[PDB]
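[1] With the input below, show me the fold.
(chains A and B, ligands or ions: 2)
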Amino acid sequence: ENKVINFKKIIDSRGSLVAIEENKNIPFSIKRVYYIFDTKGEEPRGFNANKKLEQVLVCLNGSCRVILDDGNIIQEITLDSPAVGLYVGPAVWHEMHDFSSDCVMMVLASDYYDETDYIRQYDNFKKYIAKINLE
Amino acid sequence: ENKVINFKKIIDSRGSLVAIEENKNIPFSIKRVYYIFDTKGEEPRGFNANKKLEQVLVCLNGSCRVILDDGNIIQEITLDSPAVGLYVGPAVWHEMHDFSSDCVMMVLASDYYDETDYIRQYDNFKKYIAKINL
Ligand SMILES: Cc1cn([C@H]2C[C@H](O)[C@@H](COP(=O)(O)OP(=O)(O)O)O2)c(=O)[nH]c1=O
Ligand SMILES: Cc1cn([C@H]2C[C@H](O)[C@@H](COP(=O)(O)OP(=O)(O)O)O2)c(=O)[nH]c1=O
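    Numbering: from 1, shown residues only, chains lettered A, B, ... in the order given. Ligands and ions are numbered 1, 2, ... in the order given. The protein structure is shown below:
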């Protein structure tokens, strides 16, 4: 609704195609594009949040289960269609679970990588939130 | 000229990661990302060149065989690895073939989709270049 993104997909005799255009079908400017592949193992990914960064998650192949928490509510959504993007805003905790063996997960980011934008501790994250409420 | 870009790739028990950053590891600013999937049939694609667009192609899954003509040299390249990107500069002809079934192909473009920037006559492409040569 506010988080789930339905990208317009095109289909022909040849296949499918999806195009994402910076600040057209995504609320921000693209500066970085990262992706995860050749996954394996039972240990998740993510479990962190970001102060400034805005992102959009997309399961290009296979599937992945992702959790969300803006401190308030928690949401879960299983990405399994390249045509769907998930919006992860700043100040939103995230987790990437259950990567299918063939999963390819892509992320469109508003800025370059920067370890100091991270909130990797749940409590601080929570903390971070409350503080915020006050202001 | 080689047009291949090899991205640094992180590795751990979890899998692999590759990160592409506008103007950092790719000679241009990203304005659009598009990908092709659920491909079928025996028809290739591409077959055009762009006068202003700068792209980078990445085969995120499976594989695909690419042909790039810069007007000086033709290069055929099989992409079967997400950590390799091919740079398709302006006035560079390209074609995608041999898409595996599970093939997922991705393109990073320096600009929005503009049909008018597209040359779809190889011959014309060849001419445009010559002209360019002056
Ligand atoms: C997402 C991302 C990660 N990285 C680096 C940070 C780490 O050195 C590594 C893995 O990222 P991440 O999964 O966040 O690391 P960690 O194992 O601590 O959870 O990749 C970049 O360099 N650029 C990026 O865009
Ligand atoms: C690559 C791309 C395609 N499309 C559309 C154009 C077409 O209607 C469809 C796929 O077409 P395309 O791959 O460009 O080739 P062709 O015109 O020969 O069919 O997707 C966009 O809207 N934006 C893009 O960035």
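[2] ok, which stretches of chain A are helices?
    Using DSSP state H, the helices assigned to chain A run over residues A:122-134.
[3] what comes up buried for stretch A:114-126?
    Under the neighbour-count criterion of 16 or more other CB atoms under 10 Å in any protein chain shown, stretch A:114-126 has A:119, A:125 buried. The way it works is simple: take the backbone N, C-alpha and C, and place the C-beta from them, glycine included.
[4] closest point of chain A to ligand 1, which residue?
    Residue nearest to ligand 1 within chain A: residue A:113 (3.3 Å; CB to the nearest ligand atom).
[5] so that residue touches residue B:18, yeah?
    No. The pair residue A:113 and residue B:18 fails to qualify as a contact (CB atoms under 8 Å) at a distance of 11.6 Å.
[6] Which neighbours do the two have in common?
    Shared contacts of residue A:113 and residue B:18 (CB atoms under 8 Å, 6 or more residues apart in numbering or on different chains): residue A:34.
[7] So the residue of chain A closest to ligand 1 versus ligand 2, what's the distance?
    The spacing between residue A:113 and ligand 2, counted by CB to the nearest ligand atom, to the nearest Å, is 26 Å.
[8] list the contacts for that residue?
    Counting by CB under 8 Å, 6+ apart, the residues that residue A:113 touches are A:32, A:34, B:19, B:21.
[9] Ok, residue A:119 next?
    Taking CB under 8 Å, 6+ apart, we find residue A:119 in contact with A:48, A:49, A:50, A:51, A:93, A:125, A:128.
[10] about what we covered before: among the contacts of residue A:113, which two are most distant?
    Within these, A:34 and B:21 form the most distant pair, 8.6 Å apart (CB to CB).
[11] Look up the closest residue to the residue nearest in space to the middle of chain A, ignoring the ones flanking it.
    Per CA atoms, centre = their mean, the C-alpha nearest to the average position across chain A is that of residue A:57, at 3.3 Å. Nearest non-adjacent residue to residue A:57, counting by CB to CB, 6 or more residues apart in numbering or on different chains: residue A:86, 4.3 Å away.
[12] same check, this time on residue A:29
    residue A:22 (5.3 Å).
[13] just residue A:51 next, same as before
    Closest residue in space to residue A:51, ignoring its immediate chain neighbours: residue A:117 at 5.0 Å, by CB to CB, 6+ apart.
[14] Quick check, the residue nearest to residue A:29 in contact with residue A:30.
    Yes. Residue A:22 lies in contact with residue A:30 (CB under 8 Å); the separation is 4.6 Å.
[15] Can you name the residues of chain A sitting close to ligand 1?
    Chain A comes close to ligand 1 at residues A:32, A:34, A:113, as judged by CB under 6 Å from any ligand atom.
[16] go with 8 Å
    For chain A, the residues in contact with ligand 1 (CB under 8 Å from any ligand atom) are A:32, A:34, A:45-48, A:107, A:109, A:112-113, A:115, A:118, A:120.
[17] Just the ones in strands from those, please.
    Among the residues of chain A next to ligand 1, the members found in strands (DSSP state E) are A:32, A:34, A:45, A:46, A:47, A:48, A:107, A:109, A:118.
[18] what residues are up against residue A:106?
    By CB under 8 Å, 6+ apart, the neighbours of residue A:106 are A:33, A:34, A:35, A:36, A:57, A:58, A:59, A:60, B:60, B:106.
[19] Please read the previous query as pertaining to residue A:125.
    By CB under 8 Å, 6+ apart, residue A:125 lies in contact with A:48, A:49, A:71, A:93, A:119.
[20] between the residues you listed, which has the most around it?
    Neighbour counts for the contacts of residue A:125 peak at residue A:49, which has 28 neighbours (criterion: other CB atoms under 10 Å in any protein chain shown).
[21] Quick check: beta-bridge partners of that one?
    Residue A:49 has these beta-bridge partners by DSSP bridges: residue A:119.
[22] Leaving out the residues flanking it, which one is nearest to residue A:120?
    Closest residue to residue A:120 apart from its sequence neighbours, by CB to CB, 6+ apart: residue A:48 at 4.4 Å.
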